[PDB]
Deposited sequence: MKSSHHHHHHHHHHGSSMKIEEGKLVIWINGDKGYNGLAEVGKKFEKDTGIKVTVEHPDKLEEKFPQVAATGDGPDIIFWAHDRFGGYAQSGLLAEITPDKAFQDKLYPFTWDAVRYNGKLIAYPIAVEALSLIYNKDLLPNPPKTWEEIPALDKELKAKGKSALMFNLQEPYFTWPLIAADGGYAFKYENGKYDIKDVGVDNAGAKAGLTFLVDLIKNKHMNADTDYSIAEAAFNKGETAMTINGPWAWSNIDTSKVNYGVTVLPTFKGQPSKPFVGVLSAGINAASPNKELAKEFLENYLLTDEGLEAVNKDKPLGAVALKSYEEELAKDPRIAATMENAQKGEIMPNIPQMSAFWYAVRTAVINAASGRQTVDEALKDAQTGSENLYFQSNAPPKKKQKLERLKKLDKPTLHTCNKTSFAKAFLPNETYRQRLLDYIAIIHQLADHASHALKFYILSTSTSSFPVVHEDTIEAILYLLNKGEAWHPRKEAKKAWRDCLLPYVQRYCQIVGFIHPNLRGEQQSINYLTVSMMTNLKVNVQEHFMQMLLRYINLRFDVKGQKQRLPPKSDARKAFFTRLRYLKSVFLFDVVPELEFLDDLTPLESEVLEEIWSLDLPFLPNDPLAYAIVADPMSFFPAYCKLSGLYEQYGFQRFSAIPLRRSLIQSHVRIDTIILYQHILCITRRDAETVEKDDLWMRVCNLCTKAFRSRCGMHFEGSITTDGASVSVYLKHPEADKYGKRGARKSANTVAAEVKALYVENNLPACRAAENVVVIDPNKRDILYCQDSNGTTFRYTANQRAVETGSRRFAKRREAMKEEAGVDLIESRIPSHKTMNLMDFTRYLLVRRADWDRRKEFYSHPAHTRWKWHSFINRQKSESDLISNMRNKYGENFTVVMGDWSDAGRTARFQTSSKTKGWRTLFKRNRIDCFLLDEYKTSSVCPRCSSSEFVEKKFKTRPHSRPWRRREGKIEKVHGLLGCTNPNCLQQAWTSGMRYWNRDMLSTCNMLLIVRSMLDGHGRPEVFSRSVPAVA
């Protein structure tokens, strides 16, 4: 449920023009940013230092103790036995780490709220990283060891001789995941490559469940997989493969958003005592520094401000909290329901139905029954958003200040070697002041805020153009193709699944549709035999490829060889078509057939 919402506004409008209050928060967020940055490095340093004997069990108390030790040092006196025990163990390594990086204890007072926010956030990053990229990384390591890519290029594809290898590898995965118990003879028949992989996996001491696979164990107890995840990263570095960030590091020197609530407000901004704060209502207390009459603070859908914002010195994120919130202290069929097949009655009652074919270049390509075509290309989005313009300005500033040269020689932060990590800190410390000053410029934070405004305007203009073109009320049907997470090599990123959320915000229905073979059928003949693909060649469109002399095959242009679609006066011999146009026309036929009750056309049906 949507129990919270956010309204992002500029720093100047959110806060009153009182200079004292603005300066105090700017200093406060900078201190918290420095504490958060060093805490992540200190946590990694502690793990690497103690990795010589055994991997420690990282908990919430571990990160909280590190934050207090960096701030107050030995001056921190926890009252709980559990926190006191962690303080004693982490104390010898915190002071040594500070000497290496030249860290100076800030001794910030009233840090209780900030430390709790940072401790939970860092623990969140640890859990999320383990859940998402443990099974993926473990299977990735297995493929690299067997050299699947090498065998694919050298061995003949689609042959029964190599299908056995795929079956052999597929069966080994169940043994690796402990889903199927291997036999004694099966272990003996393993090749030295297979035997070595099995021994290495068993060395990770992976948890086991009597009646559930390894994937279920990861969801149930993600934290227990952390010692194995760190050891897996060491195996990647040992064999020279591309390493991965096992431990999240907040290496960014750009001013990050810091959570500010009512307690932080009176302690650091207003600088009033807690006794005086309790005598003033929350709304009256916030009005002294923040203009609650601003449009960003207006209540929406029954949610209220409730005093919770995050700011980075240029943009202020005003959060709206529902009265029924938790007050702190704490699927396959559902996805199928988003498809147009289960949402047919909604389309019938719609004033107009618009089909969209997502593509890498033509992100949105719209067409309706009336034939009014509309498209939202990536070039149009980039110009309106200004990401390309911002990137050039950011690149120019780095070249002028020489920051790119300094950053290029920074060692890998993903390494597990203690000496290499120590060298990484020394190199980072060598020019830390130069990079900190460069990223302290307001442009870096301003670019984030300007991109948000440009993206919001681009989305608003896109909705307005579609409404003018197709009508005030319409229903959008989009192809199910989505390059989510995984992106093809040599191809830029593209927004695929985010359009579903955008249409939901604008109260516009968005229904998925299968794109299987929707670009290989000619609508005029409903045949796929005569469709021609990549028939013509031309010099590569990318400027660096064109200078090299590469030749690309056209993918967006297709033709139909059916004589019925042709005319006697034609000399080309084929009826040319646009790939985006073909998909939208095919989607219209599919949607119309489904609405009429005939279902998906048999030509577009899967095998």
| query | finding |
| --- | --- |
| Gaps in the model, given as deposited-sequence positions counted from residue 1 | 1-411, 742-750, 1028-1032 |
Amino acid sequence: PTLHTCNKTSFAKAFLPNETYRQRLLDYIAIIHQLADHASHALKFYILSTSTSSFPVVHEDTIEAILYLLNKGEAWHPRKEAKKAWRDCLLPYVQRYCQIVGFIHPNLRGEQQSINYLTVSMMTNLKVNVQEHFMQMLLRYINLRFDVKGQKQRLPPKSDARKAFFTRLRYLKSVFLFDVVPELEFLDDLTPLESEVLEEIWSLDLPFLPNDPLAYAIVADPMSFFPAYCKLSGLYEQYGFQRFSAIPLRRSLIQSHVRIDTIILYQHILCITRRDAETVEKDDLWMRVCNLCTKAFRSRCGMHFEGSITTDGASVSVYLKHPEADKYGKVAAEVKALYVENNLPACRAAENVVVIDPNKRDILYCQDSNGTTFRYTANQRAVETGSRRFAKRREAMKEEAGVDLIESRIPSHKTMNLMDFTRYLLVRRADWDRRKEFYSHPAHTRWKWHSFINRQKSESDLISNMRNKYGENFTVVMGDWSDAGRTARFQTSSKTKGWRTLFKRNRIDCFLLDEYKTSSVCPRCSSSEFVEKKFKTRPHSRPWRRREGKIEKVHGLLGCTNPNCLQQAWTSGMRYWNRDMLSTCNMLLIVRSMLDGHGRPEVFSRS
From here on, numbers count along this sequence of modelled residues.
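Superpose the two forms; the largest set of C-alphas matching within 1.5 Å is the rigid core.
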{"property": "Farther-lying stretch by C-alpha RMS in 6 other deposited structures of this protein (rigid core fit) among 209-217, 354-362", "result": "209-217"}
{"property": "More variable segment, 180-188 or 459-467 [Cα RMS over structures in 6 other deposited structures of this protein, core-superposed]", "result": "180-188"}
{"property": "Unmodelled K330 in at least one third of other entries with both flanks present", "result": "yes"}
